[PDB]
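A.B. asks: Structure incoming, see below.
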Amino acid sequence: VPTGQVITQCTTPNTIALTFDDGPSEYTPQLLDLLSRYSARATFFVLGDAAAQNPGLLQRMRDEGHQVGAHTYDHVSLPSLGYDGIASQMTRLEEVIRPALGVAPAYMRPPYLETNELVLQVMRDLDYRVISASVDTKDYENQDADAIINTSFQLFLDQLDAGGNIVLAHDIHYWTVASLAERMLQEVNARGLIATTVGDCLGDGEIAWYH
Ligand SMILES: [Cl-]
Ligand SMILES: [Co+2]
Ligand code: NA
Ligand code: NA
């Protein structure tokens, strides 16, 4: 799996990577229970303060077969920073994850999906795989019981049908965990799909998901 190169598509047949940004949050526990119910493994791209404050959730993620990835400490668009600012965004997050897991993610997702050549260079240098998305649910814009189905689920089905398989949602949001995640899992199960972690969907052994 190359480092410092935008990845948007799984490479394993019949897999889909449900991925959740900006946590962990107060809704993460209900989301993990829901995932285990469907034997589904997901990927959580986590933030600095949320990770510092929630080392138990990180551990529940790993213990339960999920992948913890990096989402920067402060959620700042990385093309806005110079070499040292990008680097510090990643290393400050590593230093708050390592005490919880004993290791740090070697996969990350750029905030707002924004990259440029400089951020990919830093990610190559820090040994990160850079995960974007091919199914964007826009769940953060659709936080209402009708919107989250009308648009976010609809977007999910339309992009899934078009062959998209790295699904972006945010487990910080109530309606994502209360309504969208259940609808996406029912769809996974109905179709014949394997919901697994981003690393596994890319043919990477679990050992390579951390460094
Ligand atoms: Cl629908
Ligand atoms: Co984010
Ligand atoms: Na790709
Ligand atoms: Na635990």
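By convention here, the chains of the structure tokens are called A, B, ... in the order presented, each chain's residues are numbered starting at 1, and ligands are numbered starting at 1 in the order presented.
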List all protein, DNA and RNA residues that have an atom no more than 8 Å from any atom of ligand 4, counting only C-alpha atoms and all ligand atoms, and report them as a list in words.
C.D. replies: residues 56, 57, 58, 59, 60 and 63 of chain A
A.B. asks: Show me a table, sorted first by chain and then by increasing residue number, of the residues of chain A having an atom at most 6 Å from ligand 1, each with its shortest atom pair and the distance in Å to one decimal, counting only C-alpha atoms and all ligand atoms and written as a Markdown table.
C.D. replies:
| residue | atom | partner | partner_atom_place_in_ligand_line | distance |
| --- | --- | --- | --- | --- |
| A:149 | CA | ligand 1 | 1 (Cl) | 5.7 |
| A:153 | CA | ligand 1 | 1 (Cl) | 5.9 |
| A:154 | CA | ligand 1 | 1 (Cl) | 5.2 |
A.B. asks: Save out the residues we just selected, N, CA and C atoms, as a PDB file, in the first residue's frame.
C.D. replies:
ATOM      1  N   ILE A 149     -31.896  10.560   5.570  1.00  0.00           N
ATOM      2  CA  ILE A 149     -32.354   9.491   4.644  1.00  0.00           C
ATOM      3  C   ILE A 149     -32.454  10.065   3.246  1.00  0.00           C
ATOM      4  N   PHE A 153     -28.456   8.929   3.000  1.00  0.00           N
ATOM      5  CA  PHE A 153     -28.611   7.536   2.556  1.00  0.00           C
ATOM      6  C   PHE A 153     -28.723   7.396   1.062  1.00  0.00           C
ATOM      7  N   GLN A 154     -29.461   8.299   0.437  1.00  0.00           N
ATOM      8  CA  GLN A 154     -29.582   8.279  -1.026  1.00  0.00           C
ATOM      9  C   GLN A 154     -28.217   8.430  -1.725  1.00  0.00           C
TER      10      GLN A 154
END
A.B. asks: Could you list the protein, DNA and RNA residues that have any atom within 9 Å of ligand 2, counting only C-alpha atoms and all ligand atoms, and write them as an MDAnalysis selection string?
C.D. replies: chainID A and resid 20:23 45:47 71:72 75:76 109:113 170
A.B. asks: May I have all residues of region 5-195 of chain A that DSSP, computed from the backbone, assigns to helix (DSSP H, G or I), given as a PyMOL selection string?
C.D. replies: chain A and resi 28-37+48-53+55-63+78-80+83-101+111-113+117-125+139-141+147-161+174-190
A.B. asks: Export, as a JSON list (two decimals), in the first residue's frame, the selected residues with C-alpha atoms.
C.D. replies:
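Ended up saving to again.json:
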[["chain", "number", "residue", "atom", "x", "y", "z"],
["A", 28, "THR", "CA", -19.17, 6.09, 19.30],
["A", 29, "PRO", "CA", -20.12, 3.46, 21.91],
["A", 30, "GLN", "CA", -23.62, 2.92, 20.35],
["A", 31, "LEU", "CA", -21.99, 2.81, 16.89],
["A", 32, "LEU", "CA", -19.49, 0.02, 17.95],
["A", 33, "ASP", "CA", -22.35, -2.05, 19.37],
["A", 34, "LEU", "CA", -24.27, -1.61, 16.13],
["A", 35, "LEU", "CA", -21.22, -2.65, 14.01],
["A", 36, "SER", "CA", -20.52, -5.82, 16.04],
["A", 37, "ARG", "CA", -24.11, -6.81, 15.55],
["A", 48, "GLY", "CA", -6.43, 15.01, 19.10],
["A", 49, "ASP", "CA", -8.57, 16.19, 22.04],
["A", 50, "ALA", "CA", -11.23, 13.55, 21.43],
["A", 51, "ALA", "CA", -8.51, 10.78, 21.39],
["A", 52, "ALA", "CA", -6.72, 12.25, 24.53],
["A", 53, "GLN", "CA", -9.97, 12.29, 26.35],
["A", 55, "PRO", "CA", -8.43, 6.32, 25.43],
["A", 56, "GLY", "CA", -10.94, 3.58, 26.36],
["A", 57, "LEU", "CA", -12.87, 4.07, 23.11],
["A", 58, "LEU", "CA", -9.62, 3.71, 21.18],
["A", 59, "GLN", "CA", -9.00, 0.46, 22.91],
["A", 60, "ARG", "CA", -12.56, -0.73, 22.35],
["A", 61, "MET", "CA", -12.01, 0.06, 18.63],
["A", 62, "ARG", "CA", -8.88, -2.19, 18.45],
["A", 63, "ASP", "CA", -10.14, -4.91, 20.78],
["A", 78, "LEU", "CA", -3.16, 20.63, 5.97],
["A", 79, "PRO", "CA", -2.47, 22.58, 2.69],
["A", 80, "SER", "CA", -2.74, 25.65, 4.97],
["A", 83, "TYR", "CA", 6.23, 21.29, 6.48],
["A", 84, "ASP", "CA", 6.67, 21.62, 10.27],
["A", 85, "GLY", "CA", 2.97, 22.48, 10.96],
["A", 86, "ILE", "CA", 1.75, 19.44, 8.99],
["A", 87, "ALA", "CA", 4.32, 17.21, 10.67],
["A", 88, "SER", "CA", 3.32, 18.46, 14.19],
["A", 89, "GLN", "CA", -0.39, 17.87, 13.42],
["A", 90, "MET", "CA", 0.42, 14.24, 12.87],
["A", 91, "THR", "CA", 3.05, 13.71, 15.57],
["A", 92, "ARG", "CA", 0.99, 15.44, 18.32],
["A", 93, "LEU", "CA", -1.84, 13.02, 17.49],
["A", 94, "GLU", "CA", 0.54, 10.02, 17.56],
["A", 95, "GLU", "CA", 1.76, 11.03, 21.00],
["A", 96, "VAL", "CA", -1.85, 11.00, 22.39],
["A", 97, "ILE", "CA", -2.71, 7.64, 20.70],
["A", 98, "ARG", "CA", 0.43, 5.63, 21.62],
["A", 99, "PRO", "CA", -0.34, 5.68, 25.39],
["A", 100, "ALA", "CA", -3.80, 4.16, 24.68],
["A", 101, "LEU", "CA", -2.71, 1.60, 22.07],
["A", 111, "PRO", "CA", -9.29, 17.11, 7.15],
["A", 112, "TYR", "CA", -11.81, 18.25, 4.45],
["A", 113, "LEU", "CA", -10.08, 15.83, 2.08],
["A", 117, "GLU", "CA", 2.11, 18.00, -3.11],
["A", 118, "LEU", "CA", 3.59, 19.26, 0.21],
["A", 119, "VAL", "CA", 1.16, 17.41, 2.42],
["A", 120, "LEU", "CA", 1.70, 14.18, 0.38],
["A", 121, "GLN", "CA", 5.46, 14.66, 0.78],
["A", 122, "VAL", "CA", 5.16, 14.99, 4.59],
["A", 123, "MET", "CA", 2.87, 11.90, 4.69],
["A", 124, "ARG", "CA", 5.42, 9.88, 2.69],
["A", 125, "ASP", "CA", 8.18, 11.04, 5.08],
["A", 139, "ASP", "CA", -23.98, 13.35, 6.73],
["A", 140, "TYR", "CA", -22.75, 16.53, 8.53],
["A", 141, "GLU", "CA", -25.10, 18.62, 6.25],
["A", 147, "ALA", "CA", -32.53, 14.78, 5.51],
["A", 148, "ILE", "CA", -30.25, 12.01, 6.74],
["A", 149, "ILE", "CA", -32.35, 9.49, 4.64],
["A", 150, "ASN", "CA", -33.45, 11.77, 1.77],
["A", 151, "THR", "CA", -29.93, 12.83, 0.97],
["A", 152, "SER", "CA", -27.25, 11.05, 2.93],
["A", 153, "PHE", "CA", -28.61, 7.54, 2.56],
["A", 154, "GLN", "CA", -29.58, 8.28, -1.03],
["A", 155, "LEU", "CA", -26.04, 9.52, -1.76],
["A", 156, "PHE", "CA", -24.67, 6.39, -0.09],
["A", 157, "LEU", "CA", -26.84, 4.07, -2.33],
["A", 158, "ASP", "CA", -26.12, 6.08, -5.51],
["A", 159, "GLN", "CA", -22.35, 6.07, -4.94],
["A", 160, "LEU", "CA", -22.28, 2.51, -3.75],
["A", 161, "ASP", "CA", -24.11, 1.53, -7.03],
["A", 174, "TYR", "CA", -26.38, 12.12, 16.31],
["A", 175, "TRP", "CA", -28.31, 11.19, 13.13],
["A", 176, "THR", "CA", -25.32, 9.44, 11.57],
["A", 177, "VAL", "CA", -25.21, 6.96, 14.44],
["A", 178, "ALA", "CA", -29.02, 6.89, 15.17],
["A", 179, "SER", "CA", -30.25, 6.45, 11.58],
["A", 180, "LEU", "CA", -27.63, 6.40, 8.78],
["A", 181, "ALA", "CA", -25.28, 3.73, 10.20],
["A", 182, "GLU", "CA", -28.15, 1.23, 10.60],
["A", 183, "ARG", "CA", -29.42, 1.90, 7.04],
["A", 184, "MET", "CA", -25.89, 1.47, 5.61],
["A", 185, "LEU", "CA", -25.37, -1.77, 7.55],
["A", 186, "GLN", "CA", -28.66, -3.25, 6.46],
["A", 187, "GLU", "CA", -27.66, -2.45, 2.88],
["A", 188, "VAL", "CA", -24.18, -4.08, 3.33],
["A", 189, "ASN", "CA", -25.76, -7.19, 4.78],
["A", 190, "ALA", "CA", -28.55, -7.23, 2.09]]
A.B. asks: Taking only C-alpha atoms and all ligand atoms into account, produce a table as JSON lines in which each residue of chain A with an atom at most 9 Å from an atom of ligand 3 appears once, together with its shortest atom pair and the distance in Å to one decimal, ordered by chain and rising number.
C.D. replies:
{"residue": "A:5", "atom": "CA", "partner": "ligand 3", "partner_atom_place_in_ligand_line": "1 (Na)", "distance": 8.4}
{"residue": "A:6", "atom": "CA", "partner": "ligand 3", "partner_atom_place_in_ligand_line": "1 (Na)", "distance": 6.5}
{"residue": "A:7", "atom": "CA", "partner": "ligand 3", "partner_atom_place_in_ligand_line": "1 (Na)", "distance": 4.0}
{"residue": "A:8", "atom": "CA", "partner": "ligand 3", "partner_atom_place_in_ligand_line": "1 (Na)", "distance": 4.3}
{"residue": "A:9", "atom": "CA", "partner": "ligand 3", "partner_atom_place_in_ligand_line": "1 (Na)", "distance": 4.5}
{"residue": "A:10", "atom": "CA", "partner": "ligand 3", "partner_atom_place_in_ligand_line": "1 (Na)", "distance": 7.2}
{"residue": "A:11", "atom": "CA", "partner": "ligand 3", "partner_atom_place_in_ligand_line": "1 (Na)", "distance": 8.1}
{"residue": "A:131", "atom": "CA", "partner": "ligand 3", "partner_atom_place_in_ligand_line": "1 (Na)", "distance": 8.6}
{"residue": "A:132", "atom": "CA", "partner": "ligand 3", "partner_atom_place_in_ligand_line": "1 (Na)", "distance": 8.5}
{"residue": "A:133", "atom": "CA", "partner": "ligand 3", "partner_atom_place_in_ligand_line": "1 (Na)", "distance": 8.9}
{"residue": "A:134", "atom": "CA", "partner": "ligand 3", "partner_atom_place_in_ligand_line": "1 (Na)", "distance": 8.7}
A.B. asks: Convert the current residue selection to file output with C-alpha atoms, as a CSV table (one decimal), in the first residue's frame.
C.D. replies:
chain,number,residue,atom,x,y,z
A,5,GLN,CA,-0.7,8.9,-2.4
A,6,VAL,CA,-4.5,9.7,-2.2
A,7,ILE,CA,-6.4,6.4,-1.9
A,8,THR,CA,-10.2,6.5,-2.7
A,9,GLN,CA,-11.1,2.9,-3.7
A,10,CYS,CA,-10.7,-0.5,-2.0
A,11,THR,CA,-8.7,-3.0,-3.9
A,131,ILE,CA,-7.2,7.8,2.7
A,132,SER,CA,-9.7,9.9,1.0
A,133,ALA,CA,-13.2,8.6,0.1
A,134,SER,CA,-15.3,7.4,-2.9
A.B. asks: Excluding region 64-70 of chain A and residues on its chain fewer than 6 positions from it, collect all residues at most 6 Å away from it, counting only C-alpha atoms, and give them as number ranges by chain.
C.D. replies: A: 41-46, 105, 107-108, 197
A.B. asks: Tell me, in Å to one decimal, how far CA of residue 198 (chain A) is from CA of residue 17 (chain A).
C.D. replies: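 Computing the Euclidean distance for CA of residue 198 (chain A) and CA of residue 17 (chain A) yields 5.4 Å.
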A.B. asks: If DSSP is run on the backbone, what residues of region 25-206 of chain A are strand (DSSP E)? A reply as a ChimeraX atom specification would be ideal.
C.D. replies: /A:43-46,67-70,107-108,129-131,135-136,166-169,194-195
A.B. asks: Please indicate the distance in Å from CA of residue 1 (chain A) to CA of residue 167 (chain A), rounded to one decimal place.
C.D. replies: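 It comes out at 18.6 Å.
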